[PDB]
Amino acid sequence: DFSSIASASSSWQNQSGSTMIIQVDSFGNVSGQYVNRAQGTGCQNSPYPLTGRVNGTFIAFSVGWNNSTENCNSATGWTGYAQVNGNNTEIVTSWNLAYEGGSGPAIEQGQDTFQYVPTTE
């Protein structure tokens, strides 16, 4: 359960190198900070707030791509589930990125799997 995650910060990285730090409360809110490091994308290396909801093993969270350091005129939402892989827990997700193309507004699809990262010294 994402309850296991409650009342503590926990960190998570995806295969494109992005990290998020997330707080899950007992009310099922998700708060955190999202550092994007995926190539081909604006808004990298700078923390973006994030908010979402957890229900048991499922989660969905949201980021708007403005934090005052960089604005990419866009937003992303992710939806997925926690699962145990080997003996790591990860979060499997599909995501959409809504942004301003030059042909017009577009919405790009993709997938991201986040691995739990324990705190390091």
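Each residue number is its position in the shown sequence, starting from 1.
Higher average CA B factor: 83-91, of the stretches 43-51 and 83-91. Relative to one another, 101-109 and 21-29 have unequal mean CA B-factors, and 101-109 is the one with the higher figure. When the modelled residues of the chain are ordered by C-alpha B-factor, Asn66 sits in the middle third. Annotation for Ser11: C-alpha temperature factor in the middle third relative to the rest of the modelled chain, per the entry.
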